[PDB]
J.: 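Below is the structure I would like to discuss, written out as structure tokens.
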Amino acid sequence: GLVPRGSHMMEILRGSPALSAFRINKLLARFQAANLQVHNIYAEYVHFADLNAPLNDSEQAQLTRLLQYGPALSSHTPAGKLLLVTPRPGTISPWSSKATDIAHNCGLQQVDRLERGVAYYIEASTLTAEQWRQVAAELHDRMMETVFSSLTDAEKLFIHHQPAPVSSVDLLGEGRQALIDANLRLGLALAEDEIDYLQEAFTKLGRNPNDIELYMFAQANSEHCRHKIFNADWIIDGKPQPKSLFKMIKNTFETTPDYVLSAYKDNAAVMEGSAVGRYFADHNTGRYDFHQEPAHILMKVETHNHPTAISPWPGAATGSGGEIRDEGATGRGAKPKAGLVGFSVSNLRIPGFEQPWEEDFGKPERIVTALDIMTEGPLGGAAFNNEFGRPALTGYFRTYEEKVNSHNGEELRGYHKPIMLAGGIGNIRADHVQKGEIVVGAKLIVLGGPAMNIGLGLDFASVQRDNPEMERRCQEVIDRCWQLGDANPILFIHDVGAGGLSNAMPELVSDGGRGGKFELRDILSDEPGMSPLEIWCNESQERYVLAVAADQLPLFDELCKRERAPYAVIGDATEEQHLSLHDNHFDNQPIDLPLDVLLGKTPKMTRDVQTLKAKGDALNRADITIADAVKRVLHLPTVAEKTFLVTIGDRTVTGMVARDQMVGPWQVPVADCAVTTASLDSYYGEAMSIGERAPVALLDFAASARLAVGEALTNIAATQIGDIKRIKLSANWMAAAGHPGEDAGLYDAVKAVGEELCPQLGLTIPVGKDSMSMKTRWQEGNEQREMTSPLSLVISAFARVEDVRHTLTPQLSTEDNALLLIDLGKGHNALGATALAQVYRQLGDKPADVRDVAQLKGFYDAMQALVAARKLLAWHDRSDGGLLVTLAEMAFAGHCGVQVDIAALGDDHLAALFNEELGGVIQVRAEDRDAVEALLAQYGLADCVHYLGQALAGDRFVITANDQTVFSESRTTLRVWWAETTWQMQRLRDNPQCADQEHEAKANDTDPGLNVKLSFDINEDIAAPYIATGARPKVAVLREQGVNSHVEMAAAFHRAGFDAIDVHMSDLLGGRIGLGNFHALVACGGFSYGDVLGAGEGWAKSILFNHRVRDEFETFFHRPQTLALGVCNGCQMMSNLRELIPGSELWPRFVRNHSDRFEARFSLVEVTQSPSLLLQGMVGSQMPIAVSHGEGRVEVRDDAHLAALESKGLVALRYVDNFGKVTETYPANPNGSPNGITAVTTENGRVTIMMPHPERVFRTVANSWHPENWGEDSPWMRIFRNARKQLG
Ligand SMILES: Nc1ncnc2c1ncn2[C@@H]1O[C@H](COP(=O)(O)OP(=O)(O)O)[C@@H](O)[C@H]1O
Ligand SMILES: [Mg+2]
Ligand SMILES: [Mg+2]
Ligand SMILES: [Mg+2]
């Protein structure tokens, strides 16, 4: 298929079937439910190639081959009515960016652009034109796609448009009205006093402003960018206040500067870390080595609330992506290392699973539902973290939507505009913390993606776009820069976010005390139609701005080319504090302004407001029983199991993850905080926790803020930190500013933490952000409706960790034990604004609060003493759902029972069980009870401490008060109820057979959990005699663009005695490396090309289609003694390279998981008998391994191929269930692979490929669960030692 398309030609190539049978059945069921008689539907991918020159036969065959990927679903002959769904004209999918990159890296420069659609063939002969429109509506996303009736209509996607010129606004010819008109036309949202300021500035300059100048100004002066509310003066109840909100936050730093290296002068804060071996490849040698130095710790938390209400996948994705850029742009360049995630939404109202507190109150047409946010949003956030490669290790998820009698009387309070929160930690070198100086003449660079018309102005302008692989490429350049140490050529770096370059470039010169002169036509653009305003102001993603000295440009160019990171020099820093943007195409100057004019401020805001305070109503208990309350509370999403948010996201990339959300042998997501190691050679590390309690703010603003700080501390407390001054906070404030009562409430809550609680505890808040229009208004029938959030403070706590090995979790032991409650509520047992109240549609009277500051500190210090002395068996703090939920979660994690007496906790059993006061349950050895009680007493806590009882083997969850049974249930029954939410979410989002299998396994109490059988001594270093010689063979640690798991791969080989060499595919292509110098090769994990065109396919085909590099690989694999390993993405790659690999004829392909979802699991495997030299000595072992993949499902051609592979004896690993049997049941087998197959070898055993990641778990400390008696080495270390010994 191939036709004229302007000065280019467009080719049409049919792809493979696009939807599996469950997805097809879902569509048919949706049509049936809407009364559309659709007899059948079939979907095929179709590819469009815009060509600038022709393809010869050989090139055409290459292109056709590149576009063969994906699971081998059965093709159907087209039949019925064609509906073709594509991206909207004027947009370029991320798919297109990455597929085009692959074509170019395969030598197809004739390809100008590849794009993809889905051709739907619908047989429904009896449908009206009206009903056809409804069909079309079901098949596409109106915010990013369109529907066409012919394949040839895809030509519209590639139309070339001539550059649009700059437009002036005619102030001199029309007066002020020109500015008023432009304000409305351009959507500038300017205030009257801003229009005054612009009017005078341009009158003084004696010329008309250009549209681009006004837009730039308007962006820079928004609430989003200027923080007017947080810098305002206040008057409250008639009294002027002494400090802004910002100054009150800064009070915490004035009080507690300890350990802080950077606060309030970058887009992340920095604190002291630990001296450890930072592991990376040297610039000159390419060898990975440990560099003993301080790894300091950066932190940042952001939000993306409004875009996520409009288009949740990209909203969440670019929420993560922007925050990752803030981290990498800290100082003079730094390295992200782990993420966190938060969602607050309205009620889910899951079809067929509606809960008794949920009422449908309507919503605006133009936003999505709470359910669609929680379906697509987490996938988007995860897509970014997975493809960029940072593990996502802690988070929160709250539902809230109720009609309540709050501060402004009876009104709807909720999250129709959601909280979408993304944050994280990173490491940074001491000499890079401070931004450098920008010398006059510095070159000013944009690093990253070509711009498009995104973010300007159905709300299309709020529809974002993410390409995480592009950002990984950029991160690698940043890494190379900071890895040069004193020769780091980055003088200054900053992320590109709101306002695009129009904010970022002025900010970067201005932060250096410089001006800039810029050339518009040097900026990389994928949309030649764009105006200067669009080019300068678009919010295209994956971009950074930086300054480099002119003499370092050749170095910078080398770094970028090797990573394949696009970059452009677009201007020069000037001594004069002026901003100039020239346009070589139109020979004119779109921007010509002094910086003081541009960056000049209208006056400060004054907010004159009054306090409103809600009168609580006592909880009406008419319909409440304890048993009913347990069942309801376990069904509140806020409380309920969070698996659907957890296993979708990588938790092992870097090899530094010590404590992830999933805990114990039954992998129950209840960990109270995240912990990473500082390096691959240390037990020092970092921790992250979150505290939040928004519904409390409907009753008491300051208490909600104090509880958020408190809960962050209780979540983190059983991790070995020491001095509380080591804990640093981000404070993210979400409010509906201007809503009656909220402004005074905001001030009071900031004051409560910044002026009071944080200084009194010794907690700094060195970073934070604010989002101040958290409400939603619409017309619902004949009436105005509004849904307003509670004031919503989210606190994230971050700390350097003294020993990651000493972290406690909620996993109860059944050795002889005591359960003790630390009730920091001091028996107040408040029920206001609890999960209990919410699930009966009420708010209640009085909420929890921090009852006693000294006791909170004493709790923290006492926990630190108990952790360091190793006196705790377990800890779980009390939060949503109260003591009942803390104890239940502990019993789920320990897969056991409890026998608990609550007679000491008051006569009100409901209140004792369901209050959400601060504190929690510690478990200690029985023999240590008296000593632990005495320790707690030393910290002033005796009256808060209560012996509850003990954990016991079995399935009974029993709560007594004297001789009365208060509540008694099967622990399994509770655990399954608690699972029903994630069950239902998985069920609607993923393959329902997998969701059901996962859920139903939880009901089998006989599940023994992950468990280990070892065929060898895991402590025996069989490589030691080799290492002792000092002779270290090289390993080629192979990476392609988008690979992310190479550093820990190198480290694993290093520990086994190799010299690990960084080999990029660019090194092979440029002659800098030749495989003939190596005896061992490893293809590493990640998302090369974002897996576009099938995971590992672009990587492999780039090798196959370059005859030189293809020959190199083939030569390597045909040598008699060479060894090769392919892990995950490398396994996929090597499976696509079979034709070069002897003995690989029976290998399968690796395709989309049967669940249709990314699976980040800690899975049980057995090592099976095969020739594999890398698994020698390990046959019959059974131990868990990190799994992190979406396309790991072994796929054979037919059963003859599966039988042949099996009979040849080439299977080397298989998934087993916890009973130890080979399985295809999910998630024990996470991807649906037949016969549990997840590793294969060649006939000679010299090449092994596997989907799981042994290199992520070679350290015991990095295994989510492991036997207590293991040393530093896990079983998986033996793979790398076997490689060493085999080389001799
Ligand atoms: N949005 C999310 N993304 C990833 N993990 C999450 C998310 N929400 C919760 N989690 C994880 O699920 C577990 C249970 O969460 P939750 O019950 O909210 O924690 P807590 O009550 O201790 O504050 C924790 O390990 C938490 O980090
Ligand atoms: Mg919880
Ligand atoms: Mg907790
Ligand atoms: Mg919480």
Side-chain angles (χ1 to χ4, degrees), residues 243 245-264 269-274 296-299 301 425 672-673 684-693 702-703 705-733 749-768 793-803 822 824 849-868 877 918-920 935-936 938-941 944:
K243 281 187 182 197
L245 298 189
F246 193 32
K247 175 71 164 172
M248 292 188 288
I249 297 297
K250 286 187 274 212
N251 186 240
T252 67
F253 179 55
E254 296 162 358
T255 302
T256 309
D258 307 58
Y259 312 106
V260 176
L261 298 179
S262 179
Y264 324 121
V270 184
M271 62 191 171
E272 297 179 50
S274 300
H296 293 313
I297 305 157
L298 69 87
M299 72 218 77
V301 184
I425 55 165
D672 287 312
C673 72
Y684 288 140
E686 303 97 5
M688 315 181 279
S689 73
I690 293 158
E692 58 84 44
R693 211 70 63 80
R706 292 185 285 258
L707 291 171
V709 171
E711 187 198 335
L713 277 178
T714 61
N715 263 335
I716 217 171
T719 285
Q720 190 171 346
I721 294 163
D723 181 13
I724 200 174
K725 294 172 176 191
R726 282 273 190 189
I727 300 173
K728 302 304 172 189
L729 313 180
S730 184
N732 284 265
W733 304 87
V750 176
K751 184 181 181 175
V753 302
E755 293 286 314
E756 296 172 1
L757 181 65
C758 292
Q760 292 170 254
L761 289 176
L763 292 177
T764 322
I765 309 175
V767 72
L793 172 57
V794 180
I795 289 288
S796 306
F798 306 97
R800 158 189 188 277
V801 173
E802 170 75 37
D803 191 335
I822 306 176
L824 300 178
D849 199 350
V850 171
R851 303 304 187 169
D852 180 321
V853 172
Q855 289 185 326
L856 178 56
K857 174 63 158 49
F859 158 76
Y860 168 83
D861 290 337
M863 285 298 288
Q864 287 304 296
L866 297 170
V867 172
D877 71 325
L918 296 168
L935 179 120
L936 292 160
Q938 243 164 71
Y939 288 94
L941 299 169
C944 290

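All residue numbers refer to positions in the sequence shown, counting from 1. Basis for what follows: all heavy atoms, side chains included, without hydrogens, waters or symmetry-related copies.
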J.: Check whether any side-chain N or O of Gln864 sits under 3.5 Å from a backbone N or O of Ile721 as a donor-acceptor pair, and report yes or no.
T.: yes
J.: Okay, side chain of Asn715, backbone of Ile690: is any donor-acceptor separation there less than 3.5 Å?
T.: yes
J.: Mind listing the closest non-hydrogen atom pair of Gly273 and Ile297 along with its distance?
T.: CA-CD1, 3.8 Å
J.: Rounded to the nearest 0.5 Å, what's the gap from CG on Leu713 to CD1 on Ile795? Could you check?
T.: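 So the gap between those two atoms works out to 9.5 Å.
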J.: Run the numbers on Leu824 and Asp852 for side-chain contact (heavy atoms from CB on, under 4.5 Å), then give the verdict.
T.: CA-CA 8 Å; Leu824 300 178; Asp852 180 321; over 6 Å; no
J.: Using modelled atom types only, decide if a donor and an acceptor are shared between the side chain of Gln855 and the backbone of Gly940 within a distance under 3.5 Å.
T.: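 Present.
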J.: For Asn251, give me all partners under side-chain hydrogen bond (donor to acceptor under 3.5 Å, both in side chains), at least two apart in sequence or on another chain.
T.: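 Once residues adjacent in sequence are excluded, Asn251 has no partner under the side-chain hydrogen bond (donor to acceptor under 3.5 Å, both in side chains) criterion.
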J.: Measure across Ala712 and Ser689 and return the closest heavy-atom pair with its distance rounded to 0.1 Å.
T.: O-OG, 2.7 Å
J.: For residues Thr719 and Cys673, report the shortest heavy-atom separation together with the two atoms involved.
T.: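 Distance-wise, the nearest heavy atoms are OG1-SG, 3.4 Å.
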J.: Tell me, yes or no, whether the heavy-atom count around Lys857 atom NZ, taken from other residues, nucleotides or ligands under 6.0 Å, exceeds 12.
T.: no
J.: Under the salt bridge (charged side-chain N to carboxylate O under 4.0 Å, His left out) rule, collect the residues that match up with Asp803, sequence neighbours excluded.
T.: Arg805
J.: Taking all non-hydrogen atoms of both residues, which atom of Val301 and which atom of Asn732 are closest, and how far apart?
T.: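 Minimum heavy-atom separation between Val301 and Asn732: O-OD1, 3.0 Å.
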J.: To the nearest 0.5 Å, what is the distance between CG on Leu729 and CZ on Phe798?
T.: 8.5 Å
J.: Counting only heavy atoms not in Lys725 (residues, nucleotides, ligands), do more than 12 fall under 6.0 Å from its NZ?
T.: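 Count not over threshold, so no.
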J.: Can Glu755 and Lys243 be counted as an ion pair, charged N to O under 4.0 angstrom?
T.: yes
J.: Could you grab the distance from atom CG of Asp258 to atom CD1 of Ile724, nearest 0.5 Å is fine?
T.: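 If I round to the nearest 0.5 Å, the distance is 12.0 Å.
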J.: Using a strict cut-off of less than 4.0 Å between a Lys/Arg side-chain nitrogen and an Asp/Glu carboxylate oxygen, indicate whether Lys247 and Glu254 qualify as a salt bridge.
T.: yes
J.: Please identify each residue that fulfils side-chain hydrogen bond (donor to acceptor under 3.5 Å, both in side chains) with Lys751, with sequence neighbours left out.
T.: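 Not a single residue meets the side-chain hydrogen bond (donor to acceptor under 3.5 Å, both in side chains) criterion with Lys751.
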J.: Could you tell me whether the side chain of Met271 reaches within less than 4.5 Å of the side chain of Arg800, counting heavy atoms only?
T.: no
J.: Are a donor atom and an acceptor atom from the side chains of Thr714 and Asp877 found within less than 3.5 Å of each other?
T.: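 Side chains of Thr714 and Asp877: pair found under 3.5 Å.
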J.: Any donor and acceptor pair, going by atom type alone, linking the side chain of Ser730 with main-chain N or O of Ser796 inside 3.5 Å?
T.: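 A pair under 3.5 Å: no.
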J.: Under a 4.5 Å cut-off applied to non-hydrogen side-chain atoms, are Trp733 and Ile249 in contact?
T.: yes
J.: Between the side chain of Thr764 and the main-chain N/O of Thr256, is any donor-acceptor distance below 3.5 Å?
T.: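 Side chain of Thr764 to backbone of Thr256: a pair is present.
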J.: Nearest 0.5 Å, what's the CG-CD1 distance between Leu941 and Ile822?
T.: 6.5 Å
J.: Here's a test for you: under ring pair (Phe, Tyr, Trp, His ring centres under 6.0 Å), which of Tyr259, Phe246, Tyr264 qualifies with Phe253?
T.: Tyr264
J.: Indicate the atoms forming the closest heavy-atom contact of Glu711 with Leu918, along with that distance.
T.: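 Result for this residue pair: N-CD2, 3.7 Å.
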J.: As an exercise, state the distance from CG of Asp723 to CD of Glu802, rounded to the nearest 0.5 Å.
T.: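 Here the interatomic distance stands at 11.5 Å.
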J.: Report, as yes or no, whether the 6.0 Å neighbourhood of atom OH on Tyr684 holds more than 12 heavy atoms from other residues, nucleotides or ligands.
T.: no
J.: Between atom CD1 of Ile716 and atom CE of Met688, what is the distance when rounded to the nearest 0.5 Å?
T.: 9.5 Å
J.: Mark yes or no for whether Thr255, through its side chain, and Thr252, through its backbone, hold a donor-acceptor pair below 3.5 Å.
T.: no
J.: Show the nearest heavy-atom pair for residues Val753 and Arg706, with the distance to one decimal.
T.: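 Heavy atoms only, the tightest pair is CG1-N, 4.1 Å.
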